Number of protein chains: 2
Amino acid sequence: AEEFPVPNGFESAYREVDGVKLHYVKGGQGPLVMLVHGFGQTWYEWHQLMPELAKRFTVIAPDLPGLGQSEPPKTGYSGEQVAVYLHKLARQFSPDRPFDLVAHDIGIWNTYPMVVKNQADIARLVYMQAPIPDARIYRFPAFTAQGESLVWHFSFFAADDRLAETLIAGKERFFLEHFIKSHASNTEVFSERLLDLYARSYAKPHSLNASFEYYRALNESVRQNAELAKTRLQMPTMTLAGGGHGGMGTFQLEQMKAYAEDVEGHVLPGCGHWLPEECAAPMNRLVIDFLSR
Amino acid sequence: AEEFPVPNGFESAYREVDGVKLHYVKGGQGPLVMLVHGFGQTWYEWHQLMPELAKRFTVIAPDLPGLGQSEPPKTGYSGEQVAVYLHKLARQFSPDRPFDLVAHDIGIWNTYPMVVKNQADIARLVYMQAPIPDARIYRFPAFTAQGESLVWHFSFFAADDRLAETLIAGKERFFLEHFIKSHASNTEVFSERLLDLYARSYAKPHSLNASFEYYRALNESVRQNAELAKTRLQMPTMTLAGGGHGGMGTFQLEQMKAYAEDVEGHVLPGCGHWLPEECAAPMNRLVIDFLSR
Ligand SMILES: *[C@@H](CO)CCCCCC
Ligand SMILES: *[C@@H](CO)CCCCCC
């Protein structure tokens, strides 16, 4: 079965990687581009970008381990462990050529280690709307003069005794609508129909638990990246961030400059966290232009 | 009936203040000391200190509006609004003499405006384990290298859509036990019987909602206090804080130095947030000595 509608001309398929069955959607022809979603969503967040990219590229959009239709990881949920799965998957389809990478939210966490460790395999890189795990995340405020902060969910999802799963189970549709809309500027794009689709996917018990395990490994990922970041990224990079409610603002580019030699950044006004949905036309344009250079 | 056992020589009673029926427990003879509890708790957190204070003082311990057995406020939940109820309650019993005040956690938020605006009515002040609402609270971290932070609950409780009430309902005992123990050093002082009593009290639907309305009014309290704090406190003040896991550490006294001219502070090693329960005997001694000078 398919949790989300596959775009015309794409195929939904599975690939076993180190004992873990990963789900992905694939289409197009040409050089490979891999698009990696973040928390609360699946490959489907890319569904409007994929048909345009597939006119010039082979496009693959996997579900992160444990999320969507992908099995949970067998090693662990830290960035370095999950990146092995995604690197091996990409290299199944591009064993002889570098590929491009686009990543959003915790897709950044789950790709940065494989990018920095296999720089010859990455031709171009686009990161949007999340910090790379490092000590900077310990400086975000718990509470702001406007109200709730952007990243208090880090502590909620990381808390022990399965606090988040115990409270959210049975209320997944309510919680996801609140979480998505509270991080959005253009809230109107999140129709009840679309919210139903995303909520049914992450309400699967192992997907709800997998969602929070990424955050429970966040401190480990910070410790891993403290070693890995001793080597800067050499390939062309682009960051995107929302400028509106829920957006990372100038932080996205300012952090990336410590990681990358060659980086350009954009802040999209009137857009929050969910750039592919809130600001599809300018985001799609920026990504397609950058990868087509 | 009574939500909590009343100590011998004390009475459980009610007074109407500005149309709001407030519950309190009262005992002893002599000058008045009012004890103001915080989140997750009721007057009962003072039940070990009260019989000792009652040997030299009249002791009153109210339930905050909307919590325990007290009615919700009819004005609002900001500190300046709640402080009116507590000030008028204390003046019913000590109209002709200044009274002492001891407050814990959000009891601080709900008493500081009354103290700074009615300094002649306050003889001595003890504050423990929470910031006065001001801009300093915007510097607390959302997440730490050890896991969840101390005050991410500020954003969780202040979120709209009744987020906290909706996620916690049906799981009130579970959530309160996790909250108490995650801010404690000494968890064994919380028997199943005591947790059951506190969980049953704040699980009342209007008390569960009242608990979080104090946080939804927190930024309004910060703005109110920005004007109030132009007047420094002049009465003898003491701060107490835990030095262990869950404790405020040195922050409590360092903040109070900006508000008060005559302040002494203590940090209790081995103690977390719940000083009257985790560290009853030394906390009791320090309060009694300070008030008895
Ligand atoms: C995905 C990472 O947790 C959600 C990030 C929230 C956006 C904050 C700017
Ligand atoms: C009462 C105020 O929200 C609980 C505060 C605990 C913060 C210090 C650990």
Side-chain angles (χ1 to χ4, degrees), chain A residues 130-131 133-183 187 195 208 212 215-226 245, chain B residues 109 130-131 133-183 187 208 212 214-223 225-226 245:
Chain A
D134 65 25
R136 285 174 176 82
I137 70 181
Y138 305 138
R139 304 307 299 255
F140 283 93
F143 191 71
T144 71
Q146 280 215 343
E148 72 169 335
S149 80
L150 286 186
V151 302
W152 70 265
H153 68 275
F154 287 7
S155 280
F156 182 30
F157 297 170
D160 68 342
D161 314 339
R162 299 202 164 202
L163 175 73
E165 296 100 326
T166 308
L167 296 193
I168 292 175
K171 306 144 195 148
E172 307 88 353
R173 172 60 170 81
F174 165 80
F175 174 76
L176 194 56
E177 180 170 349
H178 172 87
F179 183 92
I180 290 179
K181 282 183 175 177
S182 73
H183 288 89
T187 61
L195 292 166
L208 185 65
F212 304 140
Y215 295 79
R216 288 153 196 172
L218 183 55
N219 282 325
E220 175 172 13
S221 299
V222 170
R223 294 191 297 273
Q224 291 164 348
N225 293 350
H245 184 90
Chain B
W109 305 359
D134 67 21
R136 295 178 175 80
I137 75 177
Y138 306 142
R139 297 206 311 276
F140 283 97
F143 188 66
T144 81
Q146 282 76 50
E148 63 173 302
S149 68
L150 293 179
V151 308
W152 69 265
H153 66 273
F154 286 6
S155 281
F156 179 34
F157 295 171
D160 70 339
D161 294 331
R162 292 172 56 94
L163 177 66
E165 296 96 327
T166 304
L167 296 190
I168 290 173
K171 295 298 172 76
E172 300 86 352
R173 164 65 141 86
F174 170 83
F175 175 77
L176 188 58
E177 184 184 322
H178 174 277
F179 186 94
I180 287 166
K181 295 185 167 172
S182 78
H183 298 87
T187 63
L208 188 64
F212 308 129
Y214 286 100
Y215 296 81
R216 294 177 189 136
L218 177 56
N219 275 324
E220 186 181 10
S221 295
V222 167
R223 297 188 293 270
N225 294 350
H245 180 73

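So that the names make sense, note that chain A is the first sequence line, chain B the second, and so on, each numbered from 1.
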message = Using heavy-atom distances under 4.5 Å, tell me whether A:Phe154 contacts chain B through its side chain, its backbone, both, or neither.
response = both
ask   = Between A:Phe156, A:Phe140, A:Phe157, which shows the greatest number of heavy-atom pairs under 4.5 Å with chain B?
value = A:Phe156
task = Flag the one option from B:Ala159, B:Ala169, B:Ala145 with the top tally of heavy-atom pairs under 4.5 Å to chain A.
result = B:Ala145
query = What about the rings of B:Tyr215 and B:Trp109, do their centers lie closer together than 6.0 Å?
reply = yes
request  = Heavy-atom distances under 4.5 Å only: say whether B:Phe174 touches chain A with side chain, backbone, both or neither.
outcome  = side chain
ask   = Can you name the closest pair of heavy atoms from B:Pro141 and A:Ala142 and give their distance?
value = O-CB, 3.4 Å
key: Region of A:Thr166 in contact with chain B, defined by heavy-atom distances below 4.5 Å   = both
note = If one checks every heavy atom of B:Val151 against chain A at 4.5 Å, the contacting part turns out to be both
query = By a 4.5 Å heavy-atom criterion (distance strictly below it), what part of A:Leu218 contacts chain B: side chain, backbone, both, or neither?
reply = side chain
ask   = Can you tell me how far CG of A:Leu195 sits from CD of A:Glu177, rounded to the nearest 0.5 angstrom?
value = 5.0 Å
A:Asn225 (side chain) donor-acceptor with A:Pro133 (main chain) under 3.5 angstrom = yes
message = As an exercise, state the distance from CG of B:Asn219 to OG1 of A:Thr144, rounded to the nearest 0.5 Å.
response = 6.5 Å
key: Main-chain N/O of B:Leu167 paired with A:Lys171 side-chain donor or acceptor, under 3.5 Å   = yes
request  = Measure the acute angle between the ring planes of B:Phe179 and B:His183, then classify it against the limits of 30° and 60° as parallel, tilted or perpendicular.
outcome  = tilted
message = Counting heavy-atom pairs closer than 4.5 Å to chain B, which one of A:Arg216, A:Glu148, A:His178, A:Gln146 comes out on top?
response = A:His178
query = Tell me, side chain or backbone of B:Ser149 under 4.5 Å from chain A's heavy atoms, or both, or neither?
reply = both
